[PDB]
Ligand SMILES: [Br-]
Ligand SMILES: [Br-]
Ligand SMILES: [Br-]
Ligand SMILES: [Br-]
Ligand SMILES: [Br-]
Ligand SMILES: [Br-]
Ligand SMILES: [Br-]
Ligand SMILES: [Br-]
Ligand SMILES: [Br-]
Ligand SMILES: [Br-]
Ligand SMILES: [Br-]
Ligand SMILES: [Br-]
Ligand SMILES: [Br-]
Ligand SMILES: [Br-]
Ligand SMILES: [Br-]
Ligand SMILES: [Br-]
Ligand SMILES: [Br-]
Ligand SMILES: [Br-]
Ligand SMILES: [Br-]
Ligand SMILES: [Br-]
Ligand SMILES: [Br-]
Ligand SMILES: [Br-]
Ligand SMILES: [Br-]
Ligand SMILES: [Br-]
Ligand SMILES: [Br-]
Ligand SMILES: [Br-]
Ligand SMILES: [Br-]
Ligand SMILES: [Br-]
Ligand SMILES: [Br-]
Ligand SMILES: [Br-]
Ligand SMILES: [Br-]
Ligand SMILES: [Br-]
Ligand SMILES: [Br-]
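Chains as they are written, first to last, in the numbering used here: chain F, 1 to 110; chain S, 1001 to 1110.
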């Protein structure tokens, strides 16, 4: 089970939950999240880890260019954590309203 | 900015987002999440870190032992992470419906 992944690894899965992405695209999505540079030497060993764990699939479209996507197991890991997080966050009606507004605004911005 | 916290520290904040809790209660909420024992020596040094970071506040009680709660900044950190997670997860209408259903079912259980 994926509840023991690092925050960095979990953030990779969150990025790929949006859509499959090239490795370099994952890097810049994480940099936008952290507000700090993400080194290749940290990203790609962690991607390899997630592939070995069966949570991410790697596709070598060309040389130097790899595309990564969640497996169903990786998607389950994303949903599992989101469900646990929401189980704790939705503690009353005000919390429910906040989350519902976040979701509706995100869907409207698609 | 608390986006650099470890997953363990972020999970502490998630637990306290549900409600203020005694230290021992935090530990069992984390153990139910992880499905493994959480040692005293992992929990309390990290509670200390979160207090020093201004994300958690501590109160010594006369009924049990010690109660921890999110500060305003700690709540902001939980909301911020949830907002980012949802910004990636709510990627089409089906994802929107899934989260709406998670929230609705969590609210029904209150
Ligand atoms: Br795993
Ligand atoms: Br971590
Ligand atoms: Br990390
Ligand atoms: Br995390
Ligand atoms: Br891409
Ligand atoms: Br790219
Ligand atoms: Br590397
Ligand atoms: Br391939
Ligand atoms: Br090509
Ligand atoms: Br790439
Ligand atoms: Br699969
Ligand atoms: Br699962
Ligand atoms: Br989550
Ligand atoms: Br859950
Ligand atoms: Br309320
Ligand atoms: Br409610
Ligand atoms: Br609220
Ligand atoms: Br409402
Ligand atoms: Br709101
Ligand atoms: Br911080
Ligand atoms: Br951790
Ligand atoms: Br409690
Ligand atoms: Br306690
Ligand atoms: Br304890
Ligand atoms: Br207790
Ligand atoms: Br659980
Ligand atoms: Br304090
Ligand atoms: Br989250
Ligand atoms: Br966001
Ligand atoms: Br939609
Ligand atoms: Br879905
Ligand atoms: Br019901
Ligand atoms: Br009902």
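Positions of the beta carbon are idealized from the N, C-alpha and C atoms, including for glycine.
Shortest alpha-carbon distance to residue i belongs to which of the options?
i, options, result
"residue 32 (chain F)", "S:1004, S:1091, S:1109 and S:1100", "S:1004"
"residue 1099 (chain S)", "F:11, F:81 and F:44", "F:81"
"residue 44 (chain F)", "F:86, F:108, F:23 and F:61", "F:23"
"residue 122 (chain F)", "F:27, F:41, F:21 and F:54", "Beyond the ends of chain F as shown, which are 1 and 110, falls residue 122 (chain F); an answer cannot be given."
"residue 1035 (chain S)", "F:105, F:87, F:2 and F:96", "F:2"
"residue 1042 (chain S)", "S:1014, S:1006, S:1097 and S:1018", "S:1006"
"residue 91 (chain F)", "S:1040, S:1019 and S:1049", "S:1019"
"residue 12 (chain F)", "S:1093, S:1110 and S:1085", "S:1085"
"residue 48 (chain F)", "F:62, F:109 and F:67", "F:67"
"residue 110 (chain F)", "S:1069, S:1101, S:1109 and S:1094", "S:1094"
"residue 108 (chain F)", "S:1105, S:1097 and S:1103", "S:1097"
"residue 1106 (chain S)", "F:105, F:14, F:89 and F:58", "F:89"
"residue 16 (chain F)", "F:62, F:63, F:61 and F:73", "F:73"
Counting contacts by CB-CB distance shorter than 7 Å, is residue i in contact with chain S?
i, result
"residue 75 (chain F)", "no"
"residue 34 (chain F)", "yes"
"residue 42 (chain F)", "no"
"residue 106 (chain F)", "yes"
"residue 23 (chain F)", "no"
"residue 60 (chain F)", "no"
"residue 6 (chain F)", "yes"
"residue 51 (chain F)", "no"
"residue 96 (chain F)", "yes"
So, does the CB of residue i fall closer than 7 Å to a CB anywhere in chain F?
i, result
"residue 1086 (chain S)", "yes"
"residue 1028 (chain S)", "no"
"residue 1031 (chain S)", "no"
"residue 1102 (chain S)", "yes"
"residue 1037 (chain S)", "no"
"residue 1014 (chain S)", "yes"
"residue 1067 (chain S)", "no"
"residue 1002 (chain S)", "no"
"residue 1057 (chain S)", "no"
"residue 1018 (chain S)", "yes"
Opposite residue i in the DSSP bridges: which residues?
i, result
"residue 106 (chain F)", "DSSP output for residue 106 (chain F) lists no bridge partner at all."
"residue 1068 (chain S)", "S:1021 and S:1058"
Return the first residue and the last residue of the alpha helix (DSSP H) that residue i is part of.
i, result
"residue 958 (chain S)", "Look at the range of chain S in this structure, 1001 to 1110, and you will see that residue 958 (chain S) is not part of it."
Sequence-ordered residues whose beta carbon comes within less than 5 Å of a heavy atom of ligand 5: F:21, F:22 and F:25
Can you list, in chain order, every residue whose CB sits closer than 7 Å to a heavy atom of ligand 21? F:6, F:7, S:1006, S:1007 and S:1008
Under 7 Å, CB to nearest heavy atom of ligand 29: contacting residues:
Environment of ligand 29, chain-ordered: S:1083, S:1084 and S:1087, taking every residue with Cβ within less than 7 Å of a heavy atom.
* Asked: Which residues have their C-beta within less than 7 Å of a heavy atom of ligand 32, listed in chain order?
  -> This selection yields S:1108 and S:1109.
Quiz prompt | Chain-ordered list of residues that sit, by beta carbon, closer than 7 Å to a heavy atom of ligand 31 | solution = S:1094, S:1095 and S:1098
Quiz prompt | Pocket of ligand 7 defined by Cβ to heavy atom distance under 7 Å | solution = Those residues that have a beta carbon less than 7 Å away from any non-hydrogen atom of ligand 7 are, in order along the chain, F:40, F:41, F:44 and F:45.
Using the beta carbon as the reference atom, which residues fall closer than 6 Å to any heavy atom of ligand 9, ordered along the chain?
F:61 and F:62
Exercise for review: With ligand 12 as the reference, list in chain order each residue whose Cβ lies under 6 Å from any of its heavy atoms.
Suggested key: F:76 and F:80
ask   = Who's in the neighbourhood of ligand 27, going by beta-carbon under 6 Å from any heavy atom, listed in chain order?
value = Working through the chain, the matches are S:1051, S:1057 and S:1058.
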